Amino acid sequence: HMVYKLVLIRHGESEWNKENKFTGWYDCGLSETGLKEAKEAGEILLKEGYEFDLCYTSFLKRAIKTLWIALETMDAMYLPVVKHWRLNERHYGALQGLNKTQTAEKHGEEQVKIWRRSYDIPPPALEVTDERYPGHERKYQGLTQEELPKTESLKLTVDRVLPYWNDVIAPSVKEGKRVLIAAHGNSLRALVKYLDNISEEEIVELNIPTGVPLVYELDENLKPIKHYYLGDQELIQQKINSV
């Protein structure tokens, strides 16, 4: 029986996180803390003997830079990297760019909480003529109108991520390539919801810590055997339990 190891990294604090703005597909960079966390994740992987053959990341520079920093730290900069929009963060619709506190003062704390934490209720949608509509970005020129999001719930993020796992990433894993994925909270949640068959009720409660390698050991059918976080388990638990 085969065992494959898959490693996931959620990027750390972004510039817009620090500024208390909804981000979604807005393409902001990492903050100094996010940059520090990317290097920390690389150092942990190097200390623990992790070696990779192939890396995946999103089209968003906060995840791409996380991967590049990790690879530089691991002296693995020559490795093949595949970037794809299907690993993007959940799209935040017409909330993108807005201050979270002002948005809650305007529309109500509970309504914003629903937009943030519901499985299936999306934030308000963009119109295609909005400056923020992804169809205006050259990076999304290849997307059909059905693929370009105006807003996403976690449910819709799952529907977008899982085809990429099934058609592209999983075959690479089955080939024996040791894969590292650097991506985002909701797209990594989508992946682990599929792998561990997590209920809608449980997945909305799952908080993947930032800057912490998450390792899945998968059997010959890519069914999980076990998973674990790398690092100081006391510090990891604190990262998990903070919101």
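A residue's number is simply how far along the shown sequence it sits, counting from 1.
Participant: Taking the recorded C-alpha temperature factors, which stretch has the higher mean, 223-231 or 21-29?
Facilitator: Per the deposited B-factors, the answer is 223-231.
Participant: Decide which of the stretches 61-69 and 39-47 has the higher mean C-alpha B-factor, going by the entry.
Facilitator: Stretch with the higher mean C-alpha B-factor: 39-47.
Participant: For the listed residues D159, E146, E89, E152, which one has the largest C-alpha B-factor as given in the deposited model?
Facilitator: Answer, based on the entry's C-alpha B-factors: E146.
Participant: Which one of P124, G135, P80, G142 shows the top CA temperature factor in the record?
Facilitator: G142 has the highest C-alpha B-factor of those listed.
Participant: Determine, from the deposited record, the chain-internal third of the Cα B-factor for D120: lowest, middle or highest.
Facilitator: Its C-alpha B-factor belongs to the middle third of this chain's values.
Participant: Would you check the entry's CA temperature factor for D130 and let me know if it's in the chain's lowest, middle or highest third?
Facilitator: For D130, the deposited C-alpha B-factor lands in the middle third.
Participant: Going by the recorded CA B-factors, say which third of the chain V204 sits in, lowest, middle or highest.
Facilitator: According to the entry, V204 has a C-alpha B-factor in the chain's highest third.
Participant: Based on the entry's values, in what third of the chain does the Cα temperature factor of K177 lie: lowest, middle or highest?
Facilitator: For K177, the deposited C-alpha B-factor lands in the middle third.
Participant: Please place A76 in the lowest, middle or highest third of its chain according to the CA B-factor in the PDB entry.
Facilitator: Ranked within chain, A76 CA B lands in the lowest tercile.
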